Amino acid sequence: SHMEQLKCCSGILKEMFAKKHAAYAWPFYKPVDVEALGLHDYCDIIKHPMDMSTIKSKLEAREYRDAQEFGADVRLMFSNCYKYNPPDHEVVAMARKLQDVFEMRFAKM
């Protein structure tokens, strides 16, 4: 059921926000600050920005019909990271660690 699936989504996102994963999830907590040194071309490369606070807000405001729509937004957050940054960047290695947390939880629900 969609209602049940969406409560599991809330649970998944709550684990991604937990202290257990903090050392590598913290650059994904809030939207990317495009007024920070570098990132002057961030809006030129990233057409659809996404972060965990935006996904949390979209869940609370019922903007997802089902788990797949929630999943698409989490994956957009990681794909934005893989598209923008060099593959050797510290943030890419952090995104891969947080995505492993996500994929394992999302797959078992």
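We call the rigid core the largest set of C-alpha positions that still match within 1.5 Å between the two forms. We number the residues from 1 along the sequence you see.
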Subject >> Comparing 29 to 37 and 53 to 61 where Cα RMS over structures and residues is taken in 7 other deposited structures of this protein (core fit), larger one >> reply: 29 to 37
Original post:
So which moves more in 7 other deposited structures of this protein by CA, 75 to 83 or 38 to 46, given a superposition on the core?
Top reply: 38 to 46
Original post:
Which of the two stretches, 74 to 82 or 56 to 64, shows the higher mean Cα temperature factor in the record?
Top reply: 56 to 64
**OP:** Would you determine, from the values in the PDB entry, which of 93 to 101 and 6 to 14 has the greater average C-alpha temperature factor?
**Re:** 6 to 14
